[PDB]
Amino acid sequence: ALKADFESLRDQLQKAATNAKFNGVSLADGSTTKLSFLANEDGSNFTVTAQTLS
Amino acid sequence: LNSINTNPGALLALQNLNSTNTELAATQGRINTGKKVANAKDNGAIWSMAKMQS
């Protein structure tokens with residue numbers, strides 16, 4: 001029973017990690033190493049390193 | 001110069017008043033809706049991303 005509960009827990013963890021998208025992109029699922037955002041009128045980026053939670 | 005048939009300054013004043021009236025209508029719509037991006041005409045990209053995420 002403890003084993004089955006541990007398995008349901010790992011499955012819910014993977015579901016919560018997969019369902020963390022916003023605008024089709026996410027920093028948690030590990031699909032991409034990073035996302036950059038504008039930080040200058042010349043086009044310089046504001047990098048945000050992804051932190052995988054899967 | 002001091003012609004009676006036409007005065008350029010009145011035309012330029014009409015253009016300036018039309019420009020401020022246009023921006024005033026824009027801020028009036030932004031106030032009555034409460035969104036800076038209320039519809040597709042305001043900004044198509046952010047509007048489509050907002051509709052899909054909503």
# chains A, B, ... in the order shown; residues from 1 in each chain; ligands from 1
$ residues_around --residues "residue 24 of chain A" --least-positions-apart "3" --cutoff "12 Å" --atoms "only C-alpha atoms" --output "ChimeraX atom specification"
/A:18-21,27,29,31-32 /B:49-50,52-53
$ write_last_selection --atoms "C-alpha atoms" --output "mmCIF file, in the first residue's frame"
data_model
loop_
_atom_site.group_PDB
_atom_site.id
_atom_site.type_symbol
_atom_site.label_atom_id
_atom_site.label_comp_id
_atom_site.auth_asym_id
_atom_site.auth_seq_id
_atom_site.Cartn_x
_atom_site.Cartn_y
_atom_site.Cartn_z
ATOM 1 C CA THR A 18 4.122 18.928 -17.133
ATOM 2 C CA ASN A 19 1.185 21.324 -16.572
ATOM 3 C CA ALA A 20 3.180 24.513 -15.807
ATOM 4 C CA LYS A 21 2.970 26.222 -19.211
ATOM 5 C CA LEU A 27 10.387 27.051 -17.228
ATOM 6 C CA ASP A 29 9.048 20.971 -17.602
ATOM 7 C CA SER A 31 11.493 21.477 -22.618
ATOM 8 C CA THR A 32 13.967 24.349 -23.087
ATOM 9 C CA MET B 49 -2.165 35.356 -26.883
ATOM 10 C CA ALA B 50 -4.680 36.676 -24.352
ATOM 11 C CA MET B 52 -5.846 31.637 -26.297
ATOM 12 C CA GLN B 53 -4.579 31.704 -22.713
#
$ residues_around --residues "residue 17 of chain A" --least-positions-apart "5" --cutoff "7 Å" --atoms "only C-alpha atoms" --output "ChimeraX atom specification"
/A:28-29,53-54
$ write_last_selection --atoms "N, CA and C atoms" --output "mmCIF file, in the first residue's frame"
data_model
loop_
_atom_site.group_PDB
_atom_site.id
_atom_site.type_symbol
_atom_site.label_atom_id
_atom_site.label_comp_id
_atom_site.auth_asym_id
_atom_site.auth_seq_id
_atom_site.Cartn_x
_atom_site.Cartn_y
_atom_site.Cartn_z
ATOM 1 N N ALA A 28 9.516 25.019 -16.148
ATOM 2 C CA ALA A 28 9.578 23.909 -15.208
ATOM 3 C C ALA A 28 9.715 22.537 -15.855
ATOM 4 N N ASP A 29 9.097 22.302 -17.010
ATOM 5 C CA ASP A 29 9.048 20.971 -17.602
ATOM 6 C C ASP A 29 10.369 20.542 -18.226
ATOM 7 N N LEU A 53 11.682 20.815 -13.133
ATOM 8 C CA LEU A 53 11.016 20.244 -11.973
ATOM 9 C C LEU A 53 10.361 18.906 -12.286
ATOM 10 N N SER A 54 10.556 18.385 -13.493
ATOM 11 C CA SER A 54 10.050 17.073 -13.853
ATOM 12 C C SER A 54 10.853 15.992 -13.137
#
$ select_by_dssp --residues "chain A" --states "strand (DSSP E)" --output "PyMOL selection string"
chain A and resi 34-38+45-49
$ atom_distance --atom1 "atom CA of residue 26 of chain B" --atom2 "atom CA of residue 41 of chain B"
11.5 Å
$ residues_around --residues "residue 48 of chain A" --least-positions-apart "5" --cutoff "10 Å" --atoms "only C-alpha atoms" --output "VMD selection string"
chain A and resid 27 33 to 37
$ write_last_selection --atoms "C-alpha atoms" --output "short mmCIF file (atom, residue, chain, number, x, y, z; two decimals), in the first residue's frame"
data_model
loop_
_atom_site.label_atom_id
_atom_site.label_comp_id
_atom_site.auth_asym_id
_atom_site.auth_seq_id
_atom_site.Cartn_x
_atom_site.Cartn_y
_atom_site.Cartn_z
CA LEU A 27 10.39 27.05 -17.23
CA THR A 33 17.16 25.39 -21.33
CA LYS A 34 16.15 29.05 -20.96
CA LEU A 35 13.89 31.88 -22.05
CA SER A 36 15.02 35.42 -22.88
CA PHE A 37 12.96 38.61 -22.64
#
$ select_by_dssp --residues "chain B" --states "alpha helix (DSSP H)" --output "JSON, numbers by chain"
{"B": [8, 9, 10, 11, 12, 13, 14, 15, 16, 17, 18, 19, 20, 21, 22, 23, 24, 25, 26, 27, 28, 29, 30, 31, 32, 33, 44, 45, 46, 47, 48, 49, 50, 51, 52, 53]}
$ closest_residue --among "A:50, A:39, A:4, A:13" --to "residue 26 of chain A" --atoms "only C-alpha atoms"
A:50
$ closest_residue --among "A:49, A:23, A:44, A:14" --to "chain B" --atoms "only C-alpha atoms"
A:23
$ atom_distance --atom1 "atom CA of residue 33 of chain B" --atom2 "atom CA of residue 48 of chain B"
17.4 Å
$ atom_distance --atom1 "atom CA of residue 40 of chain B" --atom2 "atom CA of residue 22 of chain B"
18.2 Å
$ decode --residues "segment 24-53 of chain A" --atoms "N, CA, C and O atoms" --output "PDB file, in the first residue's frame"
ATOM      1  N   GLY A  24       2.167  28.751 -23.977  1.00  0.00           N
ATOM      2  CA  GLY A  24       2.785  27.658 -24.694  1.00  0.00           C
ATOM      3  C   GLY A  24       4.209  27.337 -24.299  1.00  0.00           C
ATOM      4  O   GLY A  24       4.806  26.429 -24.892  1.00  0.00           O
ATOM      5  N   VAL A  25       4.775  28.040 -23.321  1.00  0.00           N
ATOM      6  CA  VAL A  25       6.149  27.818 -22.893  1.00  0.00           C
ATOM      7  C   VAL A  25       6.183  27.765 -21.373  1.00  0.00           C
ATOM      8  O   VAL A  25       5.345  28.354 -20.686  1.00  0.00           O
ATOM      9  N   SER A  26       7.176  27.052 -20.848  1.00  0.00           N
ATOM     10  CA  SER A  26       7.285  26.854 -19.411  1.00  0.00           C
ATOM     11  C   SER A  26       8.746  26.713 -19.019  1.00  0.00           C
ATOM     12  O   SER A  26       9.571  26.222 -19.794  1.00  0.00           O
ATOM     13  N   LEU A  27       9.057  27.167 -17.807  1.00  0.00           N
ATOM     14  CA  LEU A  27      10.387  27.051 -17.228  1.00  0.00           C
ATOM     15  C   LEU A  27      10.570  25.807 -16.368  1.00  0.00           C
ATOM     16  O   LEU A  27      11.683  25.559 -15.897  1.00  0.00           O
ATOM     17  N   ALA A  28       9.516  25.019 -16.148  1.00  0.00           N
ATOM     18  CA  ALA A  28       9.578  23.909 -15.208  1.00  0.00           C
ATOM     19  C   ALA A  28       9.715  22.537 -15.855  1.00  0.00           C
ATOM     20  O   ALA A  28      10.407  21.681 -15.295  1.00  0.00           O
ATOM     21  N   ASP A  29       9.097  22.302 -17.010  1.00  0.00           N
ATOM     22  CA  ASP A  29       9.048  20.971 -17.602  1.00  0.00           C
ATOM     23  C   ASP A  29      10.369  20.542 -18.226  1.00  0.00           C
ATOM     24  O   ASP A  29      10.530  19.361 -18.545  1.00  0.00           O
ATOM     25  N   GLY A  30      11.312  21.462 -18.404  1.00  0.00           N
ATOM     26  CA  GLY A  30      12.593  21.123 -18.989  1.00  0.00           C
ATOM     27  C   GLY A  30      12.614  21.050 -20.496  1.00  0.00           C
ATOM     28  O   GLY A  30      13.610  20.588 -21.063  1.00  0.00           O
ATOM     29  N   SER A  31      11.547  21.484 -21.163  1.00  0.00           N
ATOM     30  CA  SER A  31      11.493  21.477 -22.618  1.00  0.00           C
ATOM     31  C   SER A  31      12.526  22.396 -23.257  1.00  0.00           C
ATOM     32  O   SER A  31      12.927  22.150 -24.400  1.00  0.00           O
ATOM     33  N   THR A  32      12.966  23.437 -22.556  1.00  0.00           N
ATOM     34  CA  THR A  32      13.967  24.349 -23.087  1.00  0.00           C
ATOM     35  C   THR A  32      14.897  24.761 -21.956  1.00  0.00           C
ATOM     36  O   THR A  32      14.502  24.814 -20.788  1.00  0.00           O
ATOM     37  N   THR A  33      16.158  25.006 -22.317  1.00  0.00           N
ATOM     38  CA  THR A  33      17.163  25.389 -21.333  1.00  0.00           C
ATOM     39  C   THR A  33      16.909  26.758 -20.716  1.00  0.00           C
ATOM     40  O   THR A  33      17.284  26.976 -19.559  1.00  0.00           O
ATOM     41  N   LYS A  34      16.287  27.679 -21.447  1.00  0.00           N
ATOM     42  CA  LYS A  34      16.152  29.047 -20.965  1.00  0.00           C
ATOM     43  C   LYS A  34      15.116  29.778 -21.804  1.00  0.00           C
ATOM     44  O   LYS A  34      14.712  29.312 -22.872  1.00  0.00           O
ATOM     45  N   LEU A  35      14.691  30.934 -21.299  1.00  0.00           N
ATOM     46  CA  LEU A  35      13.886  31.882 -22.053  1.00  0.00           C
ATOM     47  C   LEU A  35      14.450  33.277 -21.840  1.00  0.00           C
ATOM     48  O   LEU A  35      14.825  33.640 -20.722  1.00  0.00           O
ATOM     49  N   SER A  36      14.506  34.057 -22.916  1.00  0.00           N
ATOM     50  CA  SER A  36      15.018  35.418 -22.878  1.00  0.00           C
ATOM     51  C   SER A  36      13.873  36.390 -23.113  1.00  0.00           C
ATOM     52  O   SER A  36      12.929  36.077 -23.845  1.00  0.00           O
ATOM     53  N   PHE A  37      13.962  37.564 -22.498  1.00  0.00           N
ATOM     54  CA  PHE A  37      12.960  38.607 -22.640  1.00  0.00           C
ATOM     55  C   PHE A  37      13.647  39.946 -22.860  1.00  0.00           C
ATOM     56  O   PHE A  37      14.776  40.162 -22.411  1.00  0.00           O
ATOM     57  N   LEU A  38      12.954  40.844 -23.555  1.00  0.00           N
ATOM     58  CA  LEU A  38      13.541  42.131 -23.901  1.00  0.00           C
ATOM     59  C   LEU A  38      13.871  42.926 -22.646  1.00  0.00           C
ATOM     60  O   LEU A  38      13.102  42.940 -21.680  1.00  0.00           O
ATOM     61  N   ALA A  39      15.028  43.583 -22.666  1.00  0.00           N
ATOM     62  CA  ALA A  39      15.502  44.377 -21.546  1.00  0.00           C
ATOM     63  C   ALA A  39      16.205  45.653 -21.980  1.00  0.00           C
ATOM     64  O   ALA A  39      16.879  46.282 -21.158  1.00  0.00           O
ATOM     65  N   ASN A  40      16.074  46.040 -23.245  1.00  0.00           N
ATOM     66  CA  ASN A  40      16.790  47.171 -23.810  1.00  0.00           C
ATOM     67  C   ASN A  40      16.118  47.516 -25.130  1.00  0.00           C
ATOM     68  O   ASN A  40      15.604  46.632 -25.818  1.00  0.00           O
ATOM     69  N   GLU A  41      16.112  48.804 -25.476  1.00  0.00           N
ATOM     70  CA  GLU A  41      15.565  49.186 -26.773  1.00  0.00           C
ATOM     71  C   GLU A  41      16.461  48.761 -27.928  1.00  0.00           C
ATOM     72  O   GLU A  41      16.000  48.740 -29.075  1.00  0.00           O
ATOM     73  N   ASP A  42      17.723  48.436 -27.656  1.00  0.00           N
ATOM     74  CA  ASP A  42      18.626  47.895 -28.659  1.00  0.00           C
ATOM     75  C   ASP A  42      18.424  46.403 -28.886  1.00  0.00           C
ATOM     76  O   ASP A  42      19.025  45.845 -29.810  1.00  0.00           O
ATOM     77  N   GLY A  43      17.597  45.750 -28.074  1.00  0.00           N
ATOM     78  CA  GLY A  43      17.338  44.336 -28.220  1.00  0.00           C
ATOM     79  C   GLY A  43      18.073  43.420 -27.268  1.00  0.00           C
ATOM     80  O   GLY A  43      18.039  42.201 -27.469  1.00  0.00           O
ATOM     81  N   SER A  44      18.755  43.957 -26.259  1.00  0.00           N
ATOM     82  CA  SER A  44      19.414  43.109 -25.275  1.00  0.00           C
ATOM     83  C   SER A  44      18.385  42.312 -24.478  1.00  0.00           C
ATOM     84  O   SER A  44      17.304  42.804 -24.144  1.00  0.00           O
ATOM     85  N   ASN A  45      18.736  41.069 -24.170  1.00  0.00           N
ATOM     86  CA  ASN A  45      17.828  40.123 -23.542  1.00  0.00           C
ATOM     87  C   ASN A  45      18.015  40.091 -22.031  1.00  0.00           C
ATOM     88  O   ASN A  45      19.051  40.496 -21.496  1.00  0.00           O
ATOM     89  N   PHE A  46      16.981  39.609 -21.348  1.00  0.00           N
ATOM     90  CA  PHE A  46      17.009  39.317 -19.916  1.00  0.00           C
ATOM     91  C   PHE A  46      16.821  37.807 -19.795  1.00  0.00           C
ATOM     92  O   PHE A  46      15.691  37.317 -19.743  1.00  0.00           O
ATOM     93  N   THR A  47      17.929  37.073 -19.763  1.00  0.00           N
ATOM     94  CA  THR A  47      17.869  35.618 -19.716  1.00  0.00           C
ATOM     95  C   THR A  47      17.281  35.133 -18.397  1.00  0.00           C
ATOM     96  O   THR A  47      17.556  35.690 -17.331  1.00  0.00           O
ATOM     97  N   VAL A  48      16.465  34.086 -18.474  1.00  0.00           N
ATOM     98  CA  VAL A  48      15.908  33.412 -17.306  1.00  0.00           C
ATOM     99  C   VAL A  48      16.169  31.924 -17.482  1.00  0.00           C
ATOM    100  O   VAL A  48      15.468  31.252 -18.249  1.00  0.00           O
ATOM    101  N   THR A  49      17.178  31.412 -16.781  1.00  0.00           N
ATOM    102  CA  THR A  49      17.515  29.999 -16.879  1.00  0.00           C
ATOM    103  C   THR A  49      16.352  29.144 -16.396  1.00  0.00           C
ATOM    104  O   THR A  49      15.741  29.424 -15.363  1.00  0.00           O
ATOM    105  N   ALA A  50      16.039  28.101 -17.159  1.00  0.00           N
ATOM    106  CA  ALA A  50      14.993  27.172 -16.763  1.00  0.00           C
ATOM    107  C   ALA A  50      15.470  26.307 -15.605  1.00  0.00           C
ATOM    108  O   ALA A  50      16.646  25.939 -15.525  1.00  0.00           O
ATOM    109  N   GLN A  51      14.546  25.980 -14.708  1.00  0.00           N
ATOM    110  CA  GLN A  51      14.811  25.128 -13.555  1.00  0.00           C
ATOM    111  C   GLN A  51      13.860  23.941 -13.653  1.00  0.00           C
ATOM    112  O   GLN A  51      12.692  24.032 -13.269  1.00  0.00           O
ATOM    113  N   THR A  52      14.367  22.833 -14.188  1.00  0.00           N
ATOM    114  CA  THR A  52      13.537  21.662 -14.446  1.00  0.00           C
ATOM    115  C   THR A  52      12.980  21.105 -13.142  1.00  0.00           C
ATOM    116  O   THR A  52      13.718  20.914 -12.171  1.00  0.00           O
ATOM    117  N   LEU A  53      11.682  20.815 -13.133  1.00  0.00           N
ATOM    118  CA  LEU A  53      11.016  20.244 -11.973  1.00  0.00           C
ATOM    119  C   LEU A  53      10.361  18.906 -12.286  1.00  0.00           C
ATOM    120  O   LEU A  53       9.675  18.345 -11.425  1.00  0.00           O
TER     121      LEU A  53
END
